[PDB]
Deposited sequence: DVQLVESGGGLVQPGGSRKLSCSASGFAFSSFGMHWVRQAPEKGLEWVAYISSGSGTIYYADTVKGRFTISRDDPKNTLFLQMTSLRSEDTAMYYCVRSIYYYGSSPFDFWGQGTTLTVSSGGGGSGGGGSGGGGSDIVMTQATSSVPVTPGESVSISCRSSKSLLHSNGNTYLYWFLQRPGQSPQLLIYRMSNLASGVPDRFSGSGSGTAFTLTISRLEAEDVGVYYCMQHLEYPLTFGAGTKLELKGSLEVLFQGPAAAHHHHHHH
């Protein structure tokens, strides 16, 4: 089975350095591009860095440029994140995410369980207006997300991604490119939108649909999330 196990972290002093790892297993690791995404305590997801298949392309978020270093060891099936000059803002649960890019592929389709780092003390904006929505099992729900810039590209693709983070679990891809259901996802989830206004529809809510729903854009780097909307029963 597909497995991404992160390690390294827990407590560091300010100005220190720490190296994060992510051991891949059960898939052709060299074929996938890899991402680092972090989640502060009681906060949303935030993209950190990206390294492509073959290490030809590397990107960093603005808050970590110059300090953080993403590297790759394909024979070892390991991804690394060397962090230097750690700040209080770097306290987060750091996630390892695989991504493969070709026609019809599914980026961001698998996430690791994450590793926690504690530091002891232009860009597209994704707007998720609602923050909490009380729901009943069996009722229909419609979460919404807004974008500052139009995500509809000239090639016909609308680069919007939906993720669901259940309590205690890492987030799971639901929709990719605003309409396409991910593998292993029930058919109840649907995706609609046009340019700037987007919506995720759930037909018949189940007990397993409880969690925070995030919208992400992939039109251009840096990848930006929205403050996710919680669903409570």
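- Residues of the deposited sequence lacking C-alpha coordinates, numbered from 1, fall in the stretches 122 to 135, 248 to 268.
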